[PDB]
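Undergrad: enclosed are the sequence and the experimentally obtained structure.
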Amino acid sequence: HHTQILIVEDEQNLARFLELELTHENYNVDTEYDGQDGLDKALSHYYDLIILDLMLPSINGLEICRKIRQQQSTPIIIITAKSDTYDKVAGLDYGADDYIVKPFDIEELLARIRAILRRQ
Amino acid sequence: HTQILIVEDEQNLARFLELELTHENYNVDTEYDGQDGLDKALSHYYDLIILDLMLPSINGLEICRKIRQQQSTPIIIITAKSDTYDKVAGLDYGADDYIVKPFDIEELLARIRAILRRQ
Ligand code: BEF
Ligand code: BEF
Ligand SMILES: [Mg+2]
Ligand SMILES: [Mg+2]
């Protein structure tokens, strides 16, 4: 019984870093670097929480978020270099549970994962 | 739904949030002192509590711990403390979100909506 996380992120250094840091916290992690592959994975497997970058190949994160939310209430955290207030609001209103501006400290992401999953 | 408590000692900010939130059809109570805020939270029902960290009498992290000891009530921390250690502590002590000042009201309102989806 492991908590399952999907990361959709096209910057492969950060993607691997997040995978390693989350695996160290005893999460099971799947990663996708392409937006369509990430959506397809999110819809075909059960995750406990999904981490979504916004600028991705094929389709971008807000479309992924919308299409996941047509099917699932699965927690979503958006991570992105997009830091304007409107981008944050739009992402939360499309159903993301949190929204973190890059670059961030891993310990903050881990704390926010814990806080969201506490209420599941 | 509608009941919000704000514990914030910077009164210009508190009245702003109070008015903006009331404009959004929330019923807002506010307290400028940390002990009064904690007392209010434990004595009265709220749907969501907004906690500053740096307050007179008792600091917001301790308020958060004591509330979460007794209630499931959603908590958003708002604070000028931007350090990662403080974010991690606030979230681990029971806060559902943590916003660094300054922030735009539409962000707060969106995070309130998102947190109330979690119940
Ligand atoms: F490409 Be992600 F929005 F940083
Ligand atoms: F006084 Be609060 F922590 F900004
Ligand atoms: Mg990207
Ligand atoms: Mg203060």
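TA: Happy to help now that I have it. Residues are numbered from 1 along each chain as shown, chains lettered A, B, ... in the order given. Ligands and ions are numbered 1, 2, ... in the order given.

Undergrad: return the residues of chain A in contact with chain B.
TA: Among all residues of chain A, those adjacent to chain B (criterion: C-beta under 8 Å from any C-beta of the partner chain) are A:85-86, A:88-89, A:92-93, A:96-98, A:105, A:107-108, A:110-112, A:114-116, A:119. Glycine gets a C-beta too; all of them are placed from N, C-alpha and C.

Undergrad: at 10 Å what do you get?
TA: If contacts are counted using C-beta under 10 Å from any C-beta of the partner chain, the residues of chain A sitting beside chain B are A:73, A:75, A:84-86, A:88-93, A:95-99, A:104-108, A:110-116, A:118-120.

Undergrad: mind listing which of these are in strands?
TA: Counting by DSSP state E, the members of the residues of chain A next to chain B that fall within strands are A:98, A:99.

Undergrad: buried subset of the residues of chain A next to chain B, written for PyMOL?
TA: The following PyMOL line selects those of those that are buried, judged by 16 or more other C-beta atoms under 10 Å in any protein chain shown:
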select buried, chain A and resi 75+88+89+90+91+92+95+96+97+98+99+108+110+111+112+113+115+116
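
Undergrad: quick one: the helices in chain A?
TA: Using DSSP state H, the helices assigned to chain A run over residues A:12-24, A:35-44, A:61-69, A:85-93, A:106-118.

Undergrad: now the ones you listed in a markdown table, with distance to ligand 2?
TA: Formatted as a markdown table, the entries for the helices of chain A read as follows, by distance: least, C-beta to the nearest ligand atom, whole Å:
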| stretch | distance to ligand 2 |
| --- | --- |
| helix A:12-24 | 28 |
| helix A:35-44 | 36 |
| helix A:61-69 | 30 |
| helix A:85-93 | 19 |
| helix A:106-118 | 17 |
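
Undergrad: about what we covered before: also within reach of ligand 1: list those from the residues of chain A next to chain B.
TA: Applying C-beta under 6 Å from any ligand atom, the subset of the residues of chain A next to chain B adjacent to ligand 1 is empty.

Undergrad: in chain A, what residue lies closest to ligand 3?
TA: Among all residues of chain A, residue A:55 sits closest to ligand 3, at 3.9 Å; criterion: C-beta to the ion.

Undergrad: ok, that residue touching residue A:61?
TA: Yes: Residue A:55 lies in contact with residue A:61 (C-beta atoms under 10 Å); the separation is 7.4 Å.

Undergrad: more neighbours: the two, which one.
TA: Neighbour totals were compared for residue A:55 and residue A:61, and residue A:61 leads with 26 against 13 (other C-beta atoms under 10 Å in any protein chain shown).

Undergrad: relative to ligand 2, how far out is the nearest residue to the more buried one once chain neighbours are set aside?
TA: For residue A:61, ignoring the flanking residues on the chain, the nearest one in space by C-beta to C-beta, 6 or more residues apart in numbering or on different chains is residue A:54 at 3.7 Å. Per C-beta to the nearest ligand atom, to the nearest Å, residue A:54 is found 29 Å from ligand 2.

Undergrad: quick check: end-to-end length of stretch A:49-65?
TA: Between the opening and closing residues of stretch A:49-65 we find a distance of 12 Å, counting by C-alpha to C-alpha, to the nearest Å.

Undergrad: I misspoke; the intended subject was stretch A:16-35.
TA: Stretch A:16-35 has an end-to-end distance of 16 Å (criterion: C-alpha to C-alpha).
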